[PDB]
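Below is one structure; the comments refer to it alone.
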Amino acid sequence: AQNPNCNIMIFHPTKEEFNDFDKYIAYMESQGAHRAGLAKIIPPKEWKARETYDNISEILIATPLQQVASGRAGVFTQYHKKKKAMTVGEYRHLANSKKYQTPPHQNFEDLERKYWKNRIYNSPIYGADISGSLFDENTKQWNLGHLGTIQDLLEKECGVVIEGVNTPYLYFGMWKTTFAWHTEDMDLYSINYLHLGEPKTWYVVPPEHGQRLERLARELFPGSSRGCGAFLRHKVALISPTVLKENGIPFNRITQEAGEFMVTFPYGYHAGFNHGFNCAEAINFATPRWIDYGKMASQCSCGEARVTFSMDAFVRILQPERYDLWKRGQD
Ligand SMILES: O=C(O)CNC(=O)C(=O)O
Ligand SMILES: [Mg+2]
Ligand code: NI
Ligand SMILES: [Zn+2]
Numbered sequence: 011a012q013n014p015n016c017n018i019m020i021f022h023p024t025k026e027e028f029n030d031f032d033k034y035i036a037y038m039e040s041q042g043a044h045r046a047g048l049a050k051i052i053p054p055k056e057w058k059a060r061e062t063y064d065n066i067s068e069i070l071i072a073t074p075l076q077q078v079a080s081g082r083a084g085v086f087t088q089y090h091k092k093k094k095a096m097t098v099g100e101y102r103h104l105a106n107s108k109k110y111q112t113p114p115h116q117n118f119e120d121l122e123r124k125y126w127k128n129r130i131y132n133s134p135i136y137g138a139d140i141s142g143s144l145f146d147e148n149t150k151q152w153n154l155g156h157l158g159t160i161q162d163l164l165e166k167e168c169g170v171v172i173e174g175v176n177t178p179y180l181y182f183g184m185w186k187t188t189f190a191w192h193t194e195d196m197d198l199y200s201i202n203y204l205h206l207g208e209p210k211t212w213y214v215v216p217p218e219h220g221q222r223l224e225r226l227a228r229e230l231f232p233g234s235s236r237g238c239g240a241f242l243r244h245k246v247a248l249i250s251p252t253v254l255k256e257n258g259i260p261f262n263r264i265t266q267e268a269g270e271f272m273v274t275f276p277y278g279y280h281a282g283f284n285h286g287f288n289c290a291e292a293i294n295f296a297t298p299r300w301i302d303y304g305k306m307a308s309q310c311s312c313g314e315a316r317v318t319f320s321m322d323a324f325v326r327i328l329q330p331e332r333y334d335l336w337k338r339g340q341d
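So this is what it looks like as structure tokens:
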């Protein structure tokens, strides 16, 4: 069995190996990369996402989100307070202001320590979930707006034709902006490219151990757990590495830098934070190996998780027994 300790693997494809996206994912899995839940892909030196980032300041962040925490430093939830619209140039200036800027630090480890000590005492503002792309249309390799769609994968594997679309999303971050513990919708893959700026630190639980994380989360968030049998789908709970280690939960960590891709694999729980002003692009995708995970994915039916249009068909076809309850949660 390849990668039996479930370590995060780092890949360096050549320019030739960068041509066929599906083939390279399958190669990484042949080497056991999925067992970690997360892999890093460093593009060949010949590749570029676009020519420059000099002209992005006029993108609008229609609904910036202020991430307000509650709890203790290692075990907290966050809620998202909506703020007035602002441009990427305005958001960059805000990220760099004395109130929000990254503190002085020695190295990534010192900054990680400072994050976990102090996150709860601040409320950073995240420009998340913005439909759009920063890949040049002429970039033919690993262009996250030109991937094979999940609807086409389902149709190729299962024969059923379904409605829905699959487009990328931009994330503009600042120091301490936080992504809570989650798997993807329908336990899909994700791919994330860090276009510019400061790093993103990731934490991940191997898919084979995801239920250990779920059981801890039920213990640590007991009111939330009573409210919903899949409350991690709400994407609000944080648990620190120190608390994970105290409770014996297997996990790994890695820091993504500008120019690097990360892939999350089906049912790989992940969480993390941004080091300073940055911009990432991400999208969900599927492969043949996903189908069995989609069929078994948990679902939130309490009303909180509310998701895209395109998840309807995935539930309807892969999980017909759950469909009626889940759709009530949507309505
Ligand atoms: O970058 C973020 O805020 C969150 N991203 C993801 O969870 C992802 O790419 O799967
Ligand atoms: Mg612009
Ligand atoms: Ni994710
Ligand atoms: Zn719920």
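Last residue of the sequence shown? That's 341 in PDB author numbering, and every number before it is there in order. For every residue, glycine included, the Cβ atom is placed at its ideal position computed from N, Cα and C.
Looking only at DSSP bridge pairs, what is residue i linked to?
i: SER80; result: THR87
i: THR211; result: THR265, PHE283
i: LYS92; result: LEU75
i: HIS103; result: Partner(s): none; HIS103 has no beta bridge.
i: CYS289; result: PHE182, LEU206
i: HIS192; result: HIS280
i: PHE118; result: Paired residue(s): none; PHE118 is not in a bridge.
i: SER200; result: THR274, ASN294
i: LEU230; result: Paired residues: none, contrary to the question.
i: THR159; result: None; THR159 has no bridge partner.
Residues in its own chain within less than 7 Å of residue i by CB, not counting five upstream and five downstream?
i: residue 345; result: Lying outside 11 to 341, the shown extent of the chain, residue 345 is not represented and no answer is given.
i: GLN266; result: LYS50, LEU204, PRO209, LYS210, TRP212, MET272
i: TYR110; result: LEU104, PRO134, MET184, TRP185
i: residue 2; result: Because the chain in this structure spans residues 11 to 341, residue 2 falls outside the shown range and cannot be described.
i: residue 6; result: Residue numbering for the chain in the displayed model covers 11 to 341; residue 6 lies beyond these limits and cannot be assessed.
i: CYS312; result: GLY237, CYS238, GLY339
i: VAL170; result: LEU164, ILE327
i: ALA190; result: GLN88, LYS245, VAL246, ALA247, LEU248, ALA281
i: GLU27; result: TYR34
Compute the beta-carbon to beta-carbon distance between residue i and residue j, rounded to the nearest angstrom, for a pair I have assumed lies under 8 Å.
i: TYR181; j: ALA292; result: 7 Å
i: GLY207; j: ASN117; result: The pair is not a contact, with the Cβ atoms about 18 Å apart (cut-off 8 Å).
i: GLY47; j: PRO298; result: Between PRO298 and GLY47 the Cβ distance is about 19 Å, and since that is not below 8 Å, they are no contact.
i: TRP152; j: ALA83; result: Not confirmed; about 37 Å, so no contact.
i: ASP197; j: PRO276; result: 5 Å
i: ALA296; j: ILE140; result: Between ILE140 and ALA296 the Cβ distance is about 23 Å, and since that is not below 8 Å, they are no contact.
i: residue 396; j: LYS25; result: Absent from the structure is residue 396, since the part of the chain shown begins at 11 and ends at 341.
i: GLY158; j: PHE145; result: At roughly 15 Å, the Cβ-Cβ gap does not stay under 8 Å, so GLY158 and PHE145 are not in contact.
Quick check on DSSP: helix, strand or coil for residue i?
i: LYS50; result: strand
i: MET306; result: helix
i: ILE69; result: coil
i: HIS22; result: coil
i: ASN128; result: helix
i: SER40; result: helix
i: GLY220; result: helix
i: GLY137; result: strand
i: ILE35; result: helix
i: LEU248; result: strand
Tell me which residues share the same chain as residue i and place their Cβ nearer than 8 Å to its Cβ, disregarding the 5 neighbours each side in the sequence.
i: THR112; result: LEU121, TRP185, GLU208, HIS285, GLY286
i: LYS337; result: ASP322, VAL325
i: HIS115; result: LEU121, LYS124
i: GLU61; result: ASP146
Ligand 6 heavy atoms versus the CB of residue i: any closer than 6 Å?
i: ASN202; result: In terms of ligand content, the structure shown lacks ligand 6 and carries ligand 1, ligand 2, ligand 3 and ligand 4 instead.
Closer than 6 Å by C-beta to residue i: which residues in its own chain qualify, once you throw out the five before and the five after it? Chain order, please.
i: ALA43; result: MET19, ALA49
* Examine the Cβ distances between the region 310-324 and the region 243-258 and report whether three or more of them are shorter than 8 Å. => The count of Cβ pairs closer than 8 Å, one atom from the region 310-324 and one from the region 243-258, reaches three, so the stretches are in contact.
* Evaluate the contact criterion for the region 64-76 versus the region 220-234: three or more CB pairs, one atom per stretch, below 8 Å. => No, the region 64-76 is not in contact with the region 220-234.
* Between the region 91-103 and the region 70-77, are three or more C-beta pairs nearer than 8 Å? -> Per the Cβ contact rule, the region 91-103 is in contact with the region 70-77 (3 or more Cβ pairs under 8 Å).
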